[PDB]
Protein chains: 2
Amino acid sequence: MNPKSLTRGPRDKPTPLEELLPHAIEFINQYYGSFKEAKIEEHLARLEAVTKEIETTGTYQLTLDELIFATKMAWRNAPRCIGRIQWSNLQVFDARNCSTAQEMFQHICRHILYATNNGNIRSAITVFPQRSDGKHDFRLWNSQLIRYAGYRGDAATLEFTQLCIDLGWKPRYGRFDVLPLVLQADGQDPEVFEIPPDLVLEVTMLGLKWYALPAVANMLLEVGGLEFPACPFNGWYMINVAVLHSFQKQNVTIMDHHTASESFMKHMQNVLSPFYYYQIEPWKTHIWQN
Amino acid sequence: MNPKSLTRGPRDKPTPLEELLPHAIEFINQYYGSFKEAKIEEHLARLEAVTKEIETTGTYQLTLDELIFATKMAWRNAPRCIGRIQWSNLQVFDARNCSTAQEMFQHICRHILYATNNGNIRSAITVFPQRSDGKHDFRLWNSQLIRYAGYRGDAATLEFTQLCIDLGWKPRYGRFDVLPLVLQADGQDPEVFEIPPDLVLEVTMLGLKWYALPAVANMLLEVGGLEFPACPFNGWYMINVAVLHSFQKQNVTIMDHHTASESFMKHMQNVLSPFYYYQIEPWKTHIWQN
Ligand code: HEM
Ligand code: HEM
Ligand SMILES: Cc1cc(Oc2ccc3c(c2)OCO3)nc(Oc2ccc(-n3ccnc3)cc2)n1
Ligand SMILES: Cc1cc(Oc2ccc3c(c2)OCO3)nc(Oc2ccc(-n3ccnc3)cc2)n1
């Protein structure tokens, strides 16, 4: 067998132009190929402009339409995602001009707001600035945007919870404490941000509940040789029947037969690359500056 | 003399509870003893919970903190390891929930990535699921993660190379062919996985070169009576001066005076058991199912 690694790690230098160029060209082909017989002269003009940009600046910028296409094809290329059958239903938020952690925070609040939509969940992705030299990465240290702390609590976040504590987050001691956002901008040490409680929608099932929005915070989007290490996205959720009942009763989207049908109906009315990679946990690789 | 065996062999049955219990208790003591005067009541609570677990399930699970402590103490207890002077500099990857060979492969890719770090080598260990009845062992059949094939090539891998061939691996015939990973999961027949070439960093010294990452693939970690037969780890390397020059020139970590000092400085800023045992080569003991 010759499987590929599903993980894409850090760099300390910009991608060499001899590597970047061929990948960019191949992506540009995939993009314009989605027009088949149309736009041959536009295709050629874009190839020429991308090359000059790479040769003069060392890298290049995608157009908004190219980025939207990229996020949807990478979703389509996601092997285990059951949601990818309706890949055209995706809202993109372009945050490639973001510069600070405070700004990252505001972008994520907007994402959570739009995607939760009072319970009528919508799929979205927010794209932060692409990697440059690898020393100025944007990263979300959380694995999901919304997740409970573990001390009592979620057993699988003991490590990250302790980390938030080490960073000056005050630990409550319930079993449903929503962890803070831990946000790295421009390669700096991360900063801790409480999520405004009113942004977190929960479904009550004894005192049992769970958050409504499943959003992956920690993967990397690759496209045409460019890498975006910060690109949170969300879908909706897929002895056990209590939950299926509680979400429907409370009008929160899950992937039941009705939803599978309607979301597919909406879709129809509309080495793999591009691709979403896993990353190495940033607290294992980060060099602290203070 | 009464030396102990440095080898720990296979089982066909779970460890008897009368043997496991005392060993678990002694390890729990060693762990909480590293707090001296603190945590007497936590110590007692953990003893009680471990016993009930063993008495009801036949075995027990370490906490993440206990596993990290165990891997570092076993390194400290390694008689011939020169690296053990800085035993606190060790990154642990917890893979105890791994179930398939494809999954083992992805864990090892991640390990190789993190540890190589573009040449700035970091020590790491990846821990796979502990032994249960001895019939479902996880094992790496390689002796090191990275090693060259021998036909022409490395003279000391003729046997393993032939084995890879017998298993359907296509033999090149250079003298620097990187062997495939041969991975056993859940006691099944091993599967063969090519290592992605870009994951293998080499130092060029005539056409002479060598791989940068020395990683032992085939030992067993023992702790509190539990056995982990799959736990690859790595450090860095220790008429001959050509190599010492080439690694430094190419910015790949070796154990020279500068590195000895800095790694020790970082450490200070931070029957033996636990212990790493040797094993019997698995192709000598494995019963094939197909
Ligand atoms: C609309 C709702 C969606 C549903 C119901 C859905 C469902 C799933 C499920 C069930 C998994 C497997 C997780 C597991 O192993 O437990 C998965 C994985 C994943 N999903 Fe989604 N998803 C949705 C939306 C999205 C979106 C919007 C994206 C990205 C734009 C996406 C990207 C991925 C990726 C990259 C993985 C991992 C794939 C892999 O490792 O093979 N999903 N999804
Ligand atoms: C940081 C770099 C490290 C260096 C420079 C280093 C160096 C060495 C050397 C020179 C040997 C003797 C090999 C021989 O006989 O040729 C050795 C053996 C060994 N090392 Fe390391 N090591 C390092 C990291 C590690 C790590 C991370 C572990 C485990 C967590 C480890 C565990 C062992 C074990 C179990 C042996 C065999 C000990 C014995 O049989 O007496 N080493 N190491
Ligand atoms: C232990 C655990 C349990 C769950 O619960 C699920 C299970 C299945 C599923 C979920 C969450 O969202 C889409 O389909 N999620 C996670 O983390 C995830 C994984 C994937 C995920 N996702 C969103 C869109 N695509 C994948 C969200 C949250 N961890
Ligand atoms: C014939 C041969 C030659 C070498 O070369 C060395 C020698 C010394 C050394 C090495 C590799 O890594 C740490 O110190 N390694 C091996 O296999 C090993 C042994 C130990 C080893 N190791 C890594 C960490 N601790 C021990 C890695 C690879 N075999």
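Read the numbers this way: they start at 1 and go in the same order the structure lists the ligands and their atoms. Chain letters run A, B, ... following the sequence lines, proteins first, then strands; residues in each count from 1.
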Do any nitrogen or oxygen atoms of ligand 4 lie under 3.5 Å from a protein nitrogen or oxygen, and which ones?
residue  : atom   : partner : partner atom : Å
ligand 4 : 17 (O) : B:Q144  : OE1          : 2.8

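Considering only non-hydrogen protein atoms, atom 7 (C) of ligand 1 sits nearest to A:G83 N, 3.8 Å. Of all protein heavy atoms, the one lying nearest to atom 32 (C) of ligand 1 is A:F233 CE1, 3.4 Å. For atom 30 (C) of ligand 1, the closest heavy atom belonging to the protein is A:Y276 OH, 3.7 Å. If you check which protein heavy atom lies closest to atom 26 (C) of ligand 1, you get A:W75 CE2, 3.5 Å. Here the heavy atom of the protein found nearest to atom 5 (C) of ligand 1 is A:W236 O, 3.2 Å.
We find the CD1-CE distance between B:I68 and B:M73 to be 12.0 Å, quoted to the nearest 0.5 Å.
For atom 20 (N) of ligand 1, the nearest protein heavy atom lies closer than 4.0 Å. At a distance under 4.0 Å, a protein heavy atom can be found next to atom 17 (C) of ligand 1. Counting protein heavy atoms under 4.0 angstrom from atom 14 (C) of ligand 1 gives zero.
A donor and an acceptor atom, one from each side chain of A:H107 and A:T126, are nowhere located under 3.5 Å apart. Between the side chains of A:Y211 and A:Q144, at least one donor N or O lies within less than 3.5 Å of an accepting N or O. A donor-acceptor contact closer than 3.5 angstrom links the side chains of A:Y237 and A:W210. Using modelled atom types and a 3.5 Å distance limit, the side chains of B:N218 and B:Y278 yield no donor-acceptor pair. Side-chain atoms of B:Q250 and B:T204 form a donor-acceptor pair, as typed in the model, at a separation below 3.5 Å.
With a heavy-atom cut-off of 4.0 Å, A:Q86 touches ligand 1 through its side chain alone. By the criterion of a heavy-atom distance under 4.0 Å, the side chain of A:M238, and not its backbone, is placed next to ligand 1. Contacts between A:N234 and ligand 1, counted as non-hydrogen atom pairs separated by less than 4.0 Å, involve the backbone only. With a 4.0 Å cut-off on non-hydrogen atoms, A:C81 touches ligand 1 through its backbone as well as its side chain.
Tested against A:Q248 for a side chain to side chain donor-acceptor pair (under 3.5 Å), the candidates A:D256, A:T259, A:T253 yield a single pass: A:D256. Among A:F93, A:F228, A:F128, A:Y276, the one residue that satisfies the ring-ring contact (aromatic ring centres under 6.0 Å, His included) test with A:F233 is A:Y276.
Ring geometry for B:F275 against B:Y277 counts as perpendicular: the plane angle is over 60°, on a 0 to 90° scale with 30° as the lower cut. Using bins of under 30°, 30° to 60° and over 60° for the plane-to-plane angle, the ring pair B:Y148/B:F176 lands in the perpendicular bin.
Between B:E227 and B:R8 there is a salt bridge, with a side-chain nitrogen of the basic residue lying less than 4.0 Å from a carboxylate oxygen of the acidic one. No salt bridge links A:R131 with A:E222; every basic N to acidic carboxylate O contact stays at or beyond 4.0 Å. Between A:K4 and B:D198 there is a salt bridge, since a side-chain N of the basic residue sits under 4.0 Å from a carboxylate O of the acidic one.
Considering backbone and side-chain N/O of A:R80, one or more are found under 3.5 Å from N/O of ligand 1.
The closest approach between a heavy atom of A:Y278 and any atom of ligand 1 is below 4.0 Å.
Every atom of ligand 1 with a heavy atom of A:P79 under 4.0 Å away is listed here by number and element: 41 (O).
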